[PDB]
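# Inside the fold
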Amino acid sequence: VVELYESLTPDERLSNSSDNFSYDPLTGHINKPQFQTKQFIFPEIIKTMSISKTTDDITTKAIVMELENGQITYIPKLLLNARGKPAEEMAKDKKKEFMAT
Amino acid sequence: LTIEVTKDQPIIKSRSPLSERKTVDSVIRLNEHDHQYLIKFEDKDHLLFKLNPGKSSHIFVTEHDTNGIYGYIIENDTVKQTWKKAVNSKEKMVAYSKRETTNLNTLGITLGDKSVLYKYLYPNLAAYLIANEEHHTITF
Amino acid sequence: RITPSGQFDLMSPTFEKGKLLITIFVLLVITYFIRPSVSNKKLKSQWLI
Amino acid sequence: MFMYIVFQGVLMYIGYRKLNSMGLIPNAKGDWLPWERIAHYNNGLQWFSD
Amino acid sequence: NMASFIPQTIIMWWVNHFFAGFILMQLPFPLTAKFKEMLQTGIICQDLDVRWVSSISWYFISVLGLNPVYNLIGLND
Amino acid sequence: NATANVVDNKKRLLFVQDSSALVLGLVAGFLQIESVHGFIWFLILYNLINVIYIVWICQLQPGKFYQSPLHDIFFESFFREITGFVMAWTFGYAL
Ligand SMILES: [C][C][C][C][C][C][C][C]C(=O)O[C]([C]OC(=O)[C][C][C][C][C][C][C])[C]OP([O])(=O)O[C][C]N([C])([C])[C]
C-alpha cells in the first residue's frame, strides 16, 4: 500500500494554491506528490480485488478480494495503514491520530 | 443494437452494422451529453462513433495493453496518438488501474495535536505494474 | 451486502424494546406510589398542624 | 472596586487557559480545514479511460 | 457531591449500555473536531463529520437544558 | 427599605422567561434554522419578549417591582435560557 500526500511536513500546502489559480495540467505545471509505503503478508492467494462504493464516499473503502477458492473476503482500509508504527511507539505518542491503528 | 427497456418484456427496436465491419475488441464511453463512443477493433483500429441523440475543451483517452500504455486525444471528431509508454522485449505489463471519481468529503487527514497533512488529490492519474524477467523484479 | 463500518443508520434487528418499556413503567409506578407518602407525611409533619 | 473586576477576570481566565484550551478552542489549523477550497485542477479537460 | 455523582453516572451507564454504535441526529451548529472525538464514540469512521452525533450527545445537552422543564412541570427547592 | 415580596414577582418573571425559551427554538427547529441565524433569531425575539414584558405586565415602571431592573430582567438568567433554547432547538431540528 502506498499513500500520497502533498507534503509530509505536518502542516503544509507546498502547492495547490486554491484561490484563483485555474491550473493548466497540459503544460505540466501541476504539483508533484510525496508518498509513504508499507507491505503486508497474507496467507491465501488473492485472485482479484476491488473497492466498495456508497452514495457519499464517507465509510471506509473495504478492499474486497476474491481468493482462489472462490471465497470472498474484505478488509477495511483502516487496517492497511501506511505511516504505521509497531505498537511500541504508538503508546503516548500524542502526535499520531485519533484512534491510530 | 438499440433496445427499449420496459416494465414488460423489452423490445429490440433497432439492429444495424457499424461503419466498418471488423471484429470489435472494446468500447469506451465518451462524454455523456455528446453521445460518443470510441471503438477499438482487433487489428487495433480506433473508430469514433456518434450514434444518435438517444431517442480549448480537449478530450483525452487512455488505452492499455500487455505491451504498454498509449493515450489518445480526440479533436475535431478525429483520434490522434499522443504518446506511448511501451515495455521492453522481456517486460510485460500485468496490472493497470485508473483513479475512480470520488465525492470529496474531507480535504486532509488530521493528526493528534490537530495538524493536517493535506492528502494529494489530482484527478488524472493511473497506476500499473511491470513484471520483468532477466532481473526477476516487479515495478510499480 | 456488506457494512464496513458497522450498521449505524438502521438501528438493529435485536433492539430490546421490552426492557426499555419495563424501565419506563417501573419508574412511572414507583413515582406514582411514592408521591402520596412524601406529600402527606412531610407536608403535614413539618408544619405540625 | 476595580480589584473585584480584575480578580473575577482572573477567575474567568483560569478556566479558559487550563481546561478549555486543551483541545476545544479554534486558532488551530486543524479547525479551519472544513472551510477550504479544492483548486479546480483541470478546468478544461475530461480524461475518459478504460 | 453524592447528589451529583450518583444519578449522572447511572444515566451514562444506562445510555452507553442500551444506545451504542448509532447515529442519532445532526446538530444545527458546527462543533470542532475534538467534539467529534468525544461525541461519536459509537462509530469507527474517520471523516464522517463533526455535526453528526451518537446518542450520548443528546444526554450532554439534556443535562444543561432541563432546568426550564423542571421549573414548568412544577418543582421547588 | 425593601420587603420580601420581590421573590413573588421575580418568580413570575422567571416563569414567563422559561415558558418563552421552549417555544422559541422549537419554532426554530420547525423552520430548520441554521447555525448562526438561529442564535441571532433567538437573541432578537428573546429581547423583544423582555421589552414587551416591561411594557405590558410591568406598567412601564421596572423600578417599584424590581431593584436594578436592567440587571434583573435582561442579564440575570441569560445563560440559563440560551441553553434551554439550544435544547429545544436540537429537539425540533431532529423532527
Ligand atoms: C457550545 C455552543 C455551540 C457554539 C458553536 C458556534 C456556533 C456559531 C457558528 O457556527 O460559528 C462558526 C463556528 O465555528 C467553530 O466551530 C469555531 C468556534 C468559534 C467560537 C469560539 C468561542 C471561544 C464560526 O463562524 P464562521 O463564520 O467562520 O463559520 C461559517 C458560517 N456558518 C456556517 C457558521 C454560518
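Refer to the structure printed above.
Each chain carries its own residue count, running from 1 in the order of its written sequence; this scheme can depart from the entry numbering, and residues that have no coordinates do not appear. All chains are assigned letters beginning with A, and all ligands numbers beginning with 1, in the order in which they are written. Values throughout apply to the part shown, which belongs to a larger assembly of chains. Think of the side-chain values as coming from all heavy atoms in the structure, minus any hydrogens and water.

### Structural notes on the overall build of chain B
On a plain count of helices and strands, chain B comes out with 0 helices and 13 strands. Secondary structure follows DSSP: runs of H or I at least 4 residues long count as helices, runs of E at least 2 residues long count as strands, and numbering of each begins at the N terminus. For chain B, the N- to C-terminal ordering of α and β elements is β-β-β-β-β-β-β-β-β-β-β-β-β. With C-alpha atoms as the basis for the radius of gyration, the globule rule is written as 2.2 Å multiplied by the number of residues raised to the power 0.38. The C-alpha atoms of chain B give 21 Å as radius of gyration, which overshoots the globular expectation for 140 residues (14 Å, by more than 25%). Projecting the C-alpha coordinates of chain B onto the three principal axes gives extents of approximately 60 × 45 × 40 Å. Exposure is judged per residue with a 1.4 Å probe applied to protein chains only, and the accessible area is read against the type maximum: over 50% gives exposed, under 20% gives buried, and values in between give partly exposed. Across the 140 residues in chain B, those meeting the buried criterion constitute 29%. Using a 1.4 Å probe, accessible areas were evaluated by the Shrake-Rupley method; residue-level cover was limited to the displayed protein chains. Surface summary for chain B: the accessible area is close to 9700 Å², and the carbon and sulfur share equals 49%. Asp and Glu are treated as the negative residues and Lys and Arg as the positive ones, with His and the ends of the chain left uncounted. Positions of charges follow a simple convention, taking NZ of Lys, CZ of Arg, CG of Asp or CD of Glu. Here chain B contributes 19 positively and 18 negatively charged side chains, and the mean placements of these two sets differ by 4 Å.

### Here's the deal with the sheet that holds strand β5 (residues 45-50) of chain B
Residues and elements named next belong to chain B. Should DSSP find at least two bridges between two strands, the strands are taken to pair. Overall, antiparallel pairing links the 3 strands, which are arranged β3-β4-β5 in an open sheet. Edge positions in the open sheet fall to β3 (24-29) and β5, since each of these has one partner strand only. Within the sheet, the average angular offset between the axes of one strand and its neighbour, ignoring direction, is 25 degrees. In the sheet, strand β4 (residues 36-41) pairs with β5 via 6 bridges, with the strands oriented antiparallel. From the neighbouring strand, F41 faces β5, where its bridge partner is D45. Whenever a helix is involved, its axis is fitted only over the stretch in contact; in every case the axis is a line through C-alpha atoms, and angles between N-to-C directions fall within 0 to 180 degrees.

### Some remarks on the pattern of salt bridges
Residue and element names in this part refer to chain A. Think of a salt bridge as a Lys or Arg side-chain nitrogen and an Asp or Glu carboxyl oxygen that are within 4 Å of each other. Overall, the coordinates contain 13 salt bridges over all chains when judged by the stated rule. Measuring nitrogen to oxygen at the nearest pair gives 2.5 Å for the salt bridge that ties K77 to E3. Of this pair, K77 sits in the segment after β5 (72-75) while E3 sits in strand β1 (residues 2-5), and the two are 74 residues apart along the sequence. The exposure class of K77 is partly exposed, given its relative accessible area of 27%. A salt bridge links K61 to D57, with the shortest nitrogen-to-oxygen separation between them at 2.5 Å. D57 gets classed as buried once you look at its relative accessible area, which sits at 13%. The network of salt bridges with common partners includes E3, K77, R83 and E97.

### Some details on the interface of chain B and chain A
Contact definition: two residues touch when any of their heavy atoms are within 4.5 Å. With 18 residues of chain B in contact, the opposing surface of chain A contributes 27 residues. Here the quantity called buried area is the accessible surface, traced with a 1.4 Å probe, that two parts lose on coming together, added over both. Here chain B meets chain A over a buried area of about 2000 Å², counting both sides, of which 59% is carbon and sulfur. In terms of surface lost to chain A, no three residues of chain B exceed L117, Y118 and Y120 of chain B, which account for 32% of the buried area on that side. Across the chain B-chain A interface, the total number found is 1 salt bridge. Among the ionic pairs, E100 of chain B bridges to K53 of chain A, the shortest N-O distance being 3.7 Å. Any pair of N or O atoms that falls within 3.5 Å is considered a polar contact. Within protein, one atom must be able to donate a hydrogen and the other to accept it, and sequence-neighbouring residues count only if both atoms are side-chain atoms. For the pair chain B and chain A, the interface holds 5 residue pairs in polar contact.

### Points about the pairing of strand β4 (residues 63-67) of chain A
Residue and element names in this part refer to chain A. Every second residue of β4 is oriented toward a common face, the buried set being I63, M65 and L67 and the non-buried set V64 and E66. When β4 meets β5, the two strands line up antiparallel, connected through 4 bridges. Each bridged residue has a counterpart across the sheet, and for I63 the counterpart in β5 is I75. Counted along the chain from β4 to the antiparallel partner β5, the turn is 4 residues long, and its residue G70 has a positive phi close to 100 degrees.

### Some words on the packing of aromatic side chains
In this analysis, rings of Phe, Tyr and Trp, with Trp reduced to its six-membered ring, are considered paired at centre separations within 6.5 Å, and the interplanar angle assigns stacked below 30 degrees, edge-to-face beyond 60, and tilted for intermediate values. Here the structure, examined in full by the defined rule, presents 21 aromatic pairs over all chains. An aromatic cluster of at least three residues, connected via ring pairs, comprises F29 of chain E together with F39, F42, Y46, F85 and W89 of chain F. Note on criteria: charge over ring means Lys NZ or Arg CZ within 6 Å of the ring centre, with the direction from the centre no more than 35 degrees off the ring normal. The ring centre of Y118 of chain B lies 5.4 Å from the NZ or CZ of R13 of chain A, which sits over that ring.

### Digging into unusual backbone geometry
In this structure, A62 of chain A is a non-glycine residue whose phi angle is positive, near 60 degrees. Relative to the helices and strands, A62 of chain A is located in the loop between β3 (46-50) and β4. Residue classification places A62 of chain A among the buried residues on the basis of a relative accessible area of 0%. Phi at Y118 of chain B is positive, roughly 60 degrees, even though this residue is not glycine. Along the chain, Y118 of chain B falls in the loop between β11 (91-98) and β12 (126-132).

### Topic: the site of the ligand
Only a single heavy atom is needed: when it lies within 4 Å of a molecule or strand, its residue is near that molecule or strand. Taken together, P26 and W35 of chain D, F29, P30 and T32 of chain E together with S35 and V36 of chain F are the residues near the ligand. Positioned at a junction of chains, the ligand has nearby residues supplied by chains D, E and F. Notes on the ligand: free accessible area 820 Å², of which the protein chains cover 43%. Looking at side-chain class alone, the shell around the ligand contains 5 nonpolar, 2 polar and no charged residues. The nonpolar class holds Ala, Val, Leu, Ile, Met, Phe, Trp, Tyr, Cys and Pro. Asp, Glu, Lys and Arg form the charged class, and all remaining residues, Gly among them, are polar.

### A short note on helix α5 (residues 82-93) of chain F
Note that an α-helix has 3.6 residues per turn; residues three or four places apart therefore point the same way. In this analysis, the expected span of each helix is defined as 1.5 Å times one less than the number of residues it contains. Taking 1.5 Å per residue, 12 residues should reach 16 Å; α5 of chain F reaches 16 Å between its end C-alpha atoms and fits that length. Of all 12 residues in α5 of chain F, 11 are buried; the element is thus mostly enclosed. Within the span of α5 of chain F, buried status applies to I82, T83, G84, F85, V86, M87, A88, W89, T90, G92 and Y93 of chain F. As for α5 of chain F, its buried residues are in contact with β1 (25-26), α3 (56-65) and α4 (67-73) of chain E together with α2 (26-30) and α3 (35-56) of chain F.

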